[PDB]
Amino acid sequence: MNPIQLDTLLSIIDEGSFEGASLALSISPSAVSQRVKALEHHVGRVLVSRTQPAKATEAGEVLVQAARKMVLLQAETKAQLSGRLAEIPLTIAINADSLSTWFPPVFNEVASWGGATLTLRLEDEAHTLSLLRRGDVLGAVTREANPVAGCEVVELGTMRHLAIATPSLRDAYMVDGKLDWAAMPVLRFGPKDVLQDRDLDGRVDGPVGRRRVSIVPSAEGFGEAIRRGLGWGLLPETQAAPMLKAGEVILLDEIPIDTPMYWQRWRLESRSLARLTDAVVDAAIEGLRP
Amino acid sequence: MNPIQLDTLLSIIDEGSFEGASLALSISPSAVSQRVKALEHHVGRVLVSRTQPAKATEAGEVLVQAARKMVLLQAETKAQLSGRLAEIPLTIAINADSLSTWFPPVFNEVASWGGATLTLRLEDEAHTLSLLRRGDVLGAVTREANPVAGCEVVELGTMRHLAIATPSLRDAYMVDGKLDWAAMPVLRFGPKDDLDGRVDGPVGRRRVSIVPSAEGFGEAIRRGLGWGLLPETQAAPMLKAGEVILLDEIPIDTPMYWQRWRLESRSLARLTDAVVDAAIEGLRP
Ligand SMILES: NC(=[NH2+])NCCC[C@H](N)C(=O)O
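Residues numbered from 1 in each chain as written, not as in the entry; some residues may be left out. Chains lettered and ligands numbered in written order. Heavy atoms only, no water.

Q: Is there a simple way to explain the site of the ligand in this structure?
A: Residue and element names in this part refer to chain A. Near the ligand you find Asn 95, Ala 96, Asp 97, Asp 124, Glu 125, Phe 189, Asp 193, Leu 195, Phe 222 and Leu 234, and these make up its full shell. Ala 96 is positioned with one of its backbone polar atoms (N or O) 2.9 Å from an oxygen atom of the ligand. Take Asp 193: an N or O atom from its side chain is 2.8 Å from a nitrogen atom of the ligand. If the ligand stood free it would expose 350 Å²; the protein chains cover 93% of that surface. In terms of residue class, the shell around the ligand is built from five nonpolar, one polar and four charged. (Near = heavy atom within 4 Å. Polar contact = N/O pair within 3.5 Å; in protein donor to acceptor, adjacent residues only side chain to side chain. Areas by Shrake-Rupley, 256 points an atom, 1.4 Å probe, with all protein chains shown as cover. Nonpolar A, V, L, I, M, F, W, Y, C, P; charged D, E, K, R; others polar.)

Q: What should I look at first to understand the packing of aromatic side chains in this one?
A: For any pair of aromatic rings, geometry is given as the distance between the ring centres together with the angle between the planes. Residues and elements named next belong to chain A. Using the criterion set out here, one finds seven aromatic pairs over all chains in the structure. Judged by centre distance (5.8 Å) and plane angle (65°), the rings of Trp 102 and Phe 103 are edge-to-face. Per residue, the accessibility class of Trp 102 equals that of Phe 103, and both read buried. Among the aromatic side chains, those forming a connected cluster through ring pairs are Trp 102, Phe 103 and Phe 107. (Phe/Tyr/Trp six-rings, centres within 6.5 Å; stacked < 30°, edge-to-face > 60°. Buried < 20%, exposed > 50% of the residue type's maximum accessible area, 1.4 Å probe, protein only.)

Q: Could you clarify how one ought to interpret the domain arrangement of chain B in this entry?
A: A common way to report how large an interface is uses the accessible area buried once the components associate. Residue and element names in this part refer to chain B. In terms of domain boundaries, chain B breaks down into domain 1 (1-82) and domain 2 (83-285). Relative placement of domain 1 and domain 2: their C-alpha centres are 35 Å apart. Taken together, the contact pairs 14 residues of domain 1 with 21 residues of domain 2. Of the roughly 1500 Å² buried between domain 1 and domain 2, counting both surfaces, carbon and sulfur atoms make up 53%. Considering only the surface of domain 1 that becomes buried against domain 2, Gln 65, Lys 69 and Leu 72 emerge as the three largest contributors, covering 37% of it. If you look at where domain 1 meets domain 2, you find one salt bridge. Here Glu 61 makes a salt bridge to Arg 134, at a shortest N to O gap of 3.2 Å. Summed over the shared surface of domain 1 and domain 2, the number is 12 residue pairs in polar contact. (Domains from an automatic or database assignment. Contact = heavy atoms within 4.5 Å. Buried area = accessible area lost by both parts, 1.4 Å probe. Salt bridge = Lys/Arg side-chain N within 4 Å of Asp/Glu carboxyl O.)

Q: Hey, could you run me through a negative patch on the surface in this one?
A: Where like charges cluster on the molecular surface, the negative patch consists of A:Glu109, A:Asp278, A:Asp282 and A:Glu286. Looking at the negative patch element by element, the count peaks at three residues for helix α12 (residues 271-287) of chain A. (Patch = residues over 30% accessible without salt bridge, like charges linked within 9 Å, V, L, I, M, F, W, Y side chains within 5 Å. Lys, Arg positive; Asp, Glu negative; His and termini not counted. Charge placed at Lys NZ, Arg CZ, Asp CG, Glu CD. Helix = DSSP H or I, 4+ residues; strand = E, 2+ residues; numbered from the N terminus.)

Q: Would you explain empty space enclosed by the protein in this entry?
A: By volume, the largest cavity is sized at about 40 Å³. Taken together, A:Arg84, B:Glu58, B:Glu61, B:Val62, B:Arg133 and B:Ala149 make up the full set of residues lining the largest cavity. Considering every element that reaches the lining of the largest cavity, the biggest residue donor is helix α4 (residues 58-82) of chain B, with three residues. Of the residues that constitute the lining of the largest cavity, the class distribution is two nonpolar, no polar and four charged. (1 Å grid on protein atoms, 1.4 Å probe; cavity = no way out; pocket = protein on both sides within 12 Å on 5 of 7 lines; lining within 4 Å. Points joined across faces, edges and corners; volume = space filled by probe spheres on them.)

Q: Can you walk me through the interface of chain B and chain A in this structure?
A: Each partner contributes to the interface: chain B provides 31 residues, whereas chain A provides 32 residues. In total, about 3000 Å² of surface goes out of reach between chain B and chain A, with carbon and sulfur atoms giving 69% of it. Our enumeration of links across chain B and chain A arrives at one salt bridge. The partner of B:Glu58 in a salt bridge is A:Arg84, with the nearest N and O atoms 3.2 Å apart. At the junction of chain B with chain A, the criterion picks out seven residue pairs in polar contact. If you list the elements that add at least two residues to the side of chain B that touches chain A, you get α3 (29-43) and α4 of chain B. Sorting elements by how many residues they give to the side of chain B that touches chain A places α4(B) first, with 12 residues. Of the residues in the side of chain B that touches chain A, the class split is 13 nonpolar, nine polar and nine charged.

Q: I tried to follow the domain arrangement of chain A on my own but got confused; where do I start?
A: Residues and elements named next belong to chain A. Taken domain by domain, chain A consists of domain 1 (1-82) and domain 2 (83-290). Domain 1 puts four residues into the contact, and the matching count from domain 2 is four residues. Overall, the association of domain 1 and domain 2 removes approximately 290 Å² of surface from exposure, summing both partners, and the carbon and sulfur fraction of that is 48%. Per-residue buried area on domain 1 facing domain 2 is highest for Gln 80, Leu 81 and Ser 82; these three make up 97% of the total on that side. Our count for the domain 1 to domain 2 interface comes out at zero salt bridges. There are six residue pairs in polar contact connecting domain 1 and domain 2. Residue composition of the side of domain 1 that touches domain 2, grouped by class: two nonpolar, two polar and no charged.

Q: Sorry, what's going on with the environment of A:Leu118 here?
A: All names here are of chain A. Assignment of secondary structure puts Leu 118 in strand β2 (residues 118-122). By relative accessible area, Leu 118 is classed as partly exposed at 23%. Considering only alpha carbons, one finds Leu 118 and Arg 68, 50 residues apart in sequence, at a separation of 38 Å.

Given below as structure tokens:
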């Protein structure tokens with residue numbers, strides 16, 4: 001049954017006449033009658049008297065009672081929703097390399113809103129977009145530039161990786177003035193690492209023999225293992241700058257690997273989301289290259 | 001909040017996809033998407049997944065529960081006009097320990113209502129609350145006192161568990177006049193299911209049997225396979241028959257609650273009375 005008609009019937013009783021419901025609802029007296037007749041025709045029963053003060057019939061008393069029940073439900077739901085939104089964390093898919101460099105400043109902005117919470121899911125660039133598409137996150141950092149259906153994209157800047165190692169490690173694999181890339185132990189970030197898979201492209205020509213690999217599945221532990229000579233690795237220039245400045249590591253190579261990054265968020269008129277987006281863009285501007 | 005849009009979101013979930021809602025509602029696929037977009041802009045959150053099967057987000061669960069509440073009201077109203085008994089299915093989450101002790105008397109009451117059905121779901125504590133939140137059950141017996149969004153809570157009383165074993169089993173694990181709790185085989189209802197204040201230091205490995213039914217769990221203790229924590233209601237006959245003894249004068253007490261949708265529902269009110277009355281008759285204060 002049409003709940004607007006139920007409301008119309010209720011207004012008639014609460015206000016006492018058809019004209020009273022008309023003025024209360026800001027609808028014509030004709031509209032009230034149309035709704036009542038429809039509801040009565042839908043039910044198969046006469047529901048209310050056309051006299052004044054208006055009295056509900058036996059069947060009509062049912063719908064009036066029902067209408068007040070639905071009115072109470074609607075009000076309780078609105079209040080319940082308002083409170084749950086506050087409690088529910090905004091969900092983001094992000095990669096470890098963004099989280100370990102330029103992103104943490106976003107935390108400051110969310111903290112100042114007063115009660116907001118974040119849920120970060122750590123995913124590589126490719127996997128990140130699927131979480132957005134399916135709706136499991138409201139925003140996502142991704143290498144993919146084309147917008148997924150329902151979402152808008154903003155460019156954040158470019159992430160640069162450097163091939164770094166400790167000076168001692170490099171010298172250990174210098175022979176005849178040329179570096180033996182294949183023999184040099186390398187750091188890998190996970191058992192699935194796309195970067196470390198293609199880390200010799202344009203450094204070695206033919207088929208590569210077997211490598212010496214250590215795996216450290218945290219951005220900071222990964223950097224520490226390189227920092228400490230366990231292997232060379234591809235490290236975000238943000239992370240490498242202090243080690244290079246302190247002379248703990250050196251550049252093995254003037255050839256960076258560049259990855260443009262984007263922010264994708266569901267299109268919704270949410271000021272919460274708008275604020276989060278601005279915070280992300282602003283953080284990436286400060287910690288990525290133009 | 002537009003009530004038509006709530007129906008559409010619910011249809012997406014019930015039918016499993018946006019296309020399913022399209023066919024179910026006789027509206028274009030574009031209309032389904034437009035209605036969701038509008039509803040999402042009103043809330044400020046994504047409400048349902050764009051995958052199949054469609055799942056409500058955390059925010060979406062609020063609206064889905066609300067939509068199912070409205071469906072229940074509509075059904076009770078239709079039943080009142082009809083001049084015939086309602087025949088409304090009531091879906092409940094319950095724990096095995098309640099179902100096997102104090103709950104069954106509810107069956108008599110529900111049966112007497114004419115036409116109505118029960119769908120009981122036996123669920124662990126965590127999933128039980130999730131079902132309530134998203135609207136997959138309208139009521140639940142639970143150890144959780146804090147109300148899930150959209151629900152009201154009623155205290156039912158306290159469930160007492162006793163640590164029991166057969167005399168022969170206890171004697172078998174007496175060592176120098178002291179019982180070796182860690183070495184004694186124990187019963188468990190599942191792989192996710194007890195020595196706190198029974199052992200001080202580090203616990204070694206245990207020997208565990210798993211029996212995933214309340215009565216077989218009890219039967220295994222009764223028959224010496226292991227000790228276990230058993231509801232005093234279940235244990236009383238075994239204790240009276242001398243089949244088991246108390247390993248411990250300290251019971252473990254668990255307060256119980258009834259959580260129900262906040263709704264002016266005559267079915268829900270009636271079910272609550274039946275549940276509360278059963279708990280009054282078979283649980284401790
Ligand atoms: N060899 C490496 N440096 N691998 C880094 C993998 C980190 C991954 N791209 C992420 O940001 O989540």
